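One structure, as structure tokens, below. Some questions next.
Chain nomenclature is as follows: A, B, C and D, assigned in order of appearance, with residue numbering initiated at 1 for each chain independently.
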Amino acid sequence: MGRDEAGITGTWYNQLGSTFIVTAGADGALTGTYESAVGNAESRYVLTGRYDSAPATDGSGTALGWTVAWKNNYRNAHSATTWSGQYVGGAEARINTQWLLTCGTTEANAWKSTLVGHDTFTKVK
Amino acid sequence: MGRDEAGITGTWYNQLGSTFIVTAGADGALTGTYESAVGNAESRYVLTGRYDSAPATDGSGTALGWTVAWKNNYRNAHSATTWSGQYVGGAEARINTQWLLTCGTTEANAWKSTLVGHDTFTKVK
Amino acid sequence: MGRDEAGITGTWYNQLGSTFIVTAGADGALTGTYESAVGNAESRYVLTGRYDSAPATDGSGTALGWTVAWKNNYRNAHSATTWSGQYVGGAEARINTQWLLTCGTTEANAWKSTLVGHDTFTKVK
Amino acid sequence: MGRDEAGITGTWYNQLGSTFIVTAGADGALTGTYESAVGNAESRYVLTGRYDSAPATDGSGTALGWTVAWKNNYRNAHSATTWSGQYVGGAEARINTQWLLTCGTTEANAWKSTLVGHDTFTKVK
């Protein structure tokens, strides 16, 4: 089993009120759904990612990342977000991320194609 | 089938000489391997991602993203990179990305946990 | 005078314990010193930036940015950070930023030259 | 004088056709104007920044950064861009940057306040 397979698997919430439901596999896989509280989004979207299944034991966090393409049966916002970050275990477990949201654009608009931000996920709220 | 399922599936190379081997599924899935020409990496790593399987038809690119956790049977660099970008079809097909590489860190080093950069992938070289 | 010239001018502290001392000019100038609580830094460094001296009146924040080159009379870490963000006035005034720290590198190391993060500055602590 | 004071001072052009006019001071100051070929911009905008006036001599680039607030006598786009990067001297001198563009937003829109991209500046074109 991955060191934090148990710690990562479950439901997570970020500061925007979005919901991140993920299953961590023993091999390093992340699978689940994402529901955004903001933007051109409704209901759940497929996500997939990877995490370090054998992290350092020196108190470092666990690196991970995942992607959502913002197309589902209800909407298509022609964009994708990737979250890159680390899982920090303990009493107040957290997944601390920065993210890149890229929209499909024409080449003349490519310079404004990508948003960057940061989301913190907790097990509560 | 996804509009660019055929266009995305295959082998891609970036400006660093890294090799991105991907299969685009009809549902929006990305699966494959990544081989980095630089950094604490050797041989192939598992990747997974998502792409917009029904992009706009107005000449916009196709949004996509994917993740590599830098653990395989040879090495574990306790880090993960996510690439967020868009596929641009045509004679000179390109995948234009920006990426976030997060290392597992202690909390005292979390401020220096994340690199950002940009990779351009072409079908040749 | 700039709408938030008075609001921005003064001493600010971020979540790392760093100290941001700035004077906002009527023309949009930012001048001051930065003292980082972390990294290859000691004492104060010169900073300069710009802010929107006539922001929207619809409740939006005030865009601003500034740069520190990490050379002073004590140390030279051959790097520069730029903070890009917005000032949010009111009872709990905040400057919410994301930043890019670029080190001078050889071309072979340019892919790992740039860190990205996010700092929140408050008037207290 | 700053090692690359002479190398940096002058007119630079990026891949979008924007024009970056800068004077590097002996102390590490950057002063000049920026004219963007794209976006909500017309004519020249004030910029200010900092650079490492005593870079490493091992072939590394010279770290630097600068800010433009997008207000001038013609327009106010209530936003600011910071470019963070390094100057690389030689026959084909380059300033390689990544940038963060933050718009003033309401707090409910703060999650989509910041664009990220990358500009390469050359002495010609």
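Keep in mind that, in the parts below, contacts are C-beta pairs under 8 Å (C-beta built on N, C-alpha and C of every residue); 3 or more make two chains touch, one makes a residue touch a chain.
Two chain pairs, A-D and A-C, are compared here, and A-D has more C-beta pairs in contact (counted per touch definition above). Same interface as A-B, judged by over half of the contact pairs sharing residue numbers, among the pairs B-D, B-C or C-D: C-D. Remark: chain A and chain D have CA centroids separated by 32 Å (rounded to whole angstrom).
Put simply, the C-alpha centre of chain C and that of chain D have 15 angstrom between them. In this assembly, the C-alpha centroid of chain A lies 28 Å from the C-alpha centroid of chain C.
Of all residues in chain C, those touching 2 or more other chains are 98, 100, 113-114, 116-117, listed in ascending order. Contact residues on chain A toward chain D in their complex (touch as defined above): 16, 38-39, 100, 108, 111-117. Here chain C touches chain D in the complex through residues 27-30, 46-56, 58-71, 76, 78-86, 88, 96-107, 110, 113-114, 116, going by the rule given at the top.
The touching residues of chain D, counted against chain B in their complex, run 98, 116-118.
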